[PDB]
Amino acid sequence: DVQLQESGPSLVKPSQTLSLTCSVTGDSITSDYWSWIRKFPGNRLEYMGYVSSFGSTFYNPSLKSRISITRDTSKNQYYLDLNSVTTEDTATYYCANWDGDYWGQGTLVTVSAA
């Protein structure tokens, strides 16, 4: 079946970039639209953005311009890069497919000094 999985560091410091990868199993990433979603402590989900079939990107205006979502098709990976992070950026990060059928398990990444 389809299976997604996030990886990257779990500690981030303010003004540093938090970087995550999403490794895709069971299909080509070039065969779907792929998204980044985060959950803050107040059970608050935020849609960060998605990337379509040919790399076209959609970013949430709430992201202070600090986001990029790239991919490596050969590696069946796609990535989240979030510039200039703060404690406010403390969240549980998930990748998922655009239709919402499949989500990573999620990965807690804390910001705080450290």
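Just count from 1 along the sequence shown to find any residue number.
The mean C-alpha temperature factor is higher for 60 to 68 when 60 to 68 and 76 to 84 are set side by side. If you average the C-alpha B-factors over 10 to 18 and over 96 to 104, the higher value belongs to 10 to 18. Out of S53, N43, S28, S35, it is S53 whose C-alpha atom has the highest B-factor in the PDB entry. Remark: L4 belongs to the lowest third of its chain, ranked by C-alpha B-factor as recorded.
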